[PDB]
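A.B. asks: Would you mind keeping the following structure in view while I ask a few things?
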Amino acid sequence: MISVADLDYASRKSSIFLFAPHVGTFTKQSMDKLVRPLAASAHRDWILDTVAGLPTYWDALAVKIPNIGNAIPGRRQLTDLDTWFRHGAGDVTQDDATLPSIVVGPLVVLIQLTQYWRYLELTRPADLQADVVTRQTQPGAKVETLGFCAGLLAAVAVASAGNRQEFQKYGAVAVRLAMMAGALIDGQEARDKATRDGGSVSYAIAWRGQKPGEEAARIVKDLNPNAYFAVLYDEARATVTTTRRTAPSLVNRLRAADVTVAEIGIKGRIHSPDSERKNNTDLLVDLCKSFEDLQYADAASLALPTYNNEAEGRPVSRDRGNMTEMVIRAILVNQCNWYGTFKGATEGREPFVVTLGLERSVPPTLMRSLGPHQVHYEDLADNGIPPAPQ
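Taking the authors' numbering, I'd label the letters of the sequence shown as residues 1 to 125, 132 to 396.
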């Protein structure tokens with residue numbers, strides 16, 4: 001446990017709030033330990049209101065995208081989520097399955113958002135968001151948010167927010183979009199699982215040097231269209247996803263080529279170039295256009311600068327328009343060039359990088375140069391979400 005008092009945060013040149021990817025598998029039992037502090041906090045009321053409304057967004061998604069609507073018991077999973085958040089788990093030993101993304105996405109967004117708020121509380125000089139946004143032009147008080155994969159949901163929520171009310175407003179947007187993205191992921195995975203391909207699996211891979219990296223790419227190409235690079239993680243690291251039917255081929259060939267392979271806690275296909283995902287994502291983007299309450303702030307009207315994962319070397323520009331569309335496409339279809347994005351966000355600078363979430367997110371080759379001005383929130387003492395007063 002590292003104490004906030006030992007961070008020397010007051011000497012920072014700037015901050016980057018890094019919102020982690022949704023990596024990890026959960027059961028009702030394990031996730032409840034994270035849910036209950038959320039549920040008992042001062043955030044409870046706005047979260048309750050949000051979660052209660054999710055079945056109606058599901059209803060809309062299910063008709064717009066019927067292949068997804070019929071693939072998973074989404075409405076029931078969402079009404080169960082409301083009861084879980086509102087009244088308690090009720091049971092964590094009989095119901096023993098791994099949780100679906102349609103639920104885990106919303107919950108991890110909430111974990112990240114509440115960690116962020118608590119970090120502001122622990123480091124305060132009250133509406134903490136208004137304060138950090140108003141002070142952002144002070145020397146050494148610049149703030150940016152940087153989402154990693156589905157971390158973008160929370161990152162762009164916070165970047166949209168100029169005060170507490172907007173934190174709750176856009177926090178709710180992020181929860182809804184996480185649900186809908188999660189449904190597309192779950193639905194496709196359920197459909198895939200019914201076939202000989204047997205659903206998907208993801209691997210963290212690592213090589214050494216230009217040539218083995220090219221051989222890794224060759225191996226993945228030879229498995230077209232089963233396998234793809236979901237995440238470009240570090241200079242010689244990536245996350246690859248493939249069908250279960252072809253996974254042993256992928257794993258064995260990569261290891262034979264002196265590439266290390268380790269299974270990672272990612273369910274289904276994210277950042278996928280496949281045709282079904284492409285179509286479903288277009289339908290989802292079209293659907294979101296119809297709902298004011300599914301909108302982030304416009305790119306030209308963000309409260310704080312924020313990034314995509316396209317290795318731009320700069321926060322998103324003011325011309326970019328609809329941020330809900332950008333976030334949705336970024337998570338579900340577009341490749342995540344994390345190495346290029348993170349290098350681009352930090353090179354030539356000395357930002358204090360604060361990671362919210364449940365997955366360590368700073369690429370090793372880039373972590374060295376940040377020295378002491380970084381912290382992974384899970385490592386902090388006193389980092390529990392406080393219960394609501396009274």
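We put the beta carbon where it would ideally sit given N, CA and C, even for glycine.
Enumerated in chain order, which unbroken segments of the beta strand (DSSP E) with a length of 3 residues or greater are wholly contained in the segment 154-236?
C.D. replies: 206-212, all fully within the segment 154-236.
A.B. asks: Could you have a look at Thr371 and say whether DSSP puts it in helix, strand or coil?
C.D. replies: If DSSP states are grouped into helix, strand and coil, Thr371 belongs with the helices.
A.B. asks: Alpha carbon to alpha carbon, what distance is there between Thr201 and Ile270?
C.D. replies: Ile270 and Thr201: Cα-Cα distance of roughly 22 Å.
A.B. asks: For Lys349 and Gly319, I'd like the C-alpha separation in whole angstroms.
C.D. replies: Approximately 8 Å between the Cα atoms of the pair.
A.B. asks: State buried or exposed for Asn343, treating a residue as buried only when at least 16 other CB atoms are found within 10 Å of its CB.
C.D. replies: Result: buried.
A.B. asks: Is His277 helix, strand or coil by DSSP?
C.D. replies: Three-state result, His277: coil.
A.B. asks: What does the alpha-carbon distance come out to for the pair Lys217 and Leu260?
C.D. replies: So the alpha carbons of these two residues sit roughly 13 Å apart.
A.B. asks: Helix, strand or coil: how does DSSP classify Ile2 here?
C.D. replies: Strand at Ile2.
A.B. asks: Decide yes or no for the touch test of the segment 134-149 against the segment 105-112: beta carbon pairs closer than 8 Å, at least 3 of them.
C.D. replies: Result no; under three Cβ-Cβ pairs closer than 8 Å.
A.B. asks: Does DSSP classify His87 as helix, strand or coil?
C.D. replies: Reduced to three states, the DSSP call for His87 is helix.
A.B. asks: Could you give the DSSP three-state label for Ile72: helix, strand or coil?
C.D. replies: Coil, per DSSP.
A.B. asks: If contacts are defined as beta-carbon pairs under 8 Å, then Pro55 and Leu78 qualify, I think. What distance do you get, rounded to the angstrom?
C.D. replies: Right, the Cβ-Cβ distance comes to about 5 Å (below 8 Å), so this counts as a contact.
A.B. asks: How many Å lie between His43 and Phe297 at the Cα?
C.D. replies: Cα to Cα, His43 sits roughly 24 Å from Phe297.
A.B. asks: Excluding the 5 residues flanking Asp192 on each side, which residues of the same chain have their C-beta closer than 7 Å to its C-beta?
C.D. replies: Within the same chain, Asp192 has close Cβ partners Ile72, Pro100, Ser101, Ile102, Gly274.
A.B. asks: In terms of residues, what are the limits of the alpha helix (DSSP H) holding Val104?
C.D. replies: Unbroken alpha helix (DSSP H) run through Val104: 101-123.
A.B. asks: By how many angstroms is the C-alpha of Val181 removed from the C-alpha of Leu48?
C.D. replies: Taking the straight line from one Cα to the other gives about 11 Å.
A.B. asks: Compute the distance between the beta-carbons of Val246 and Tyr302, then report whether it is under 7 Å.
C.D. replies: Against a cut-off of 7 Å, the Cβ pair of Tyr302 and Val246 comes out as no contact.
A.B. asks: May I ask you to verify whether the segment 328-342 touches the segment 183-192, counting CB pairs closer than 8 Å and requiring at least 3?
C.D. replies: Touching, yes.
A.B. asks: What's the gap between the Cα of residue 128 and the Cα of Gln396?
C.D. replies: Here the chain breaks off after 125 and picks up again at 132, leaving residue 128 without coordinates.
A.B. asks: If you draw a straight line from the C-alpha of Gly88 to the C-alpha of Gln29, how long is it?
C.D. replies: Rounded to whole angstroms, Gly88 to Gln29 spans 11 Å at the Cα level.
A.B. asks: If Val322 sits next to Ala305, beta carbons under 8 Å apart, how far is it from one beta carbon to the other, in whole angstroms?
C.D. replies: With a Cβ gap of about 5 Å, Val322 and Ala305 count as contacting.
A.B. asks: Can you tell me which of the three DSSP states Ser296 falls into?
C.D. replies: DSSP places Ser296 in coil when its eight states are reduced to three.
A.B. asks: Beta carbon of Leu18, beta carbon of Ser367: below 7 Å?
C.D. replies: A contact, by the Cβ cut-off of 7 Å.
A.B. asks: Can you tell me which of the three DSSP states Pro393 falls into?
C.D. replies: The answer is strand: DSSP assigns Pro393 an E or B state.
A.B. asks: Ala97 to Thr27, Cα distance in whole Å?
C.D. replies: Distance between the alpha carbons of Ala97 and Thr27: 6 Å.
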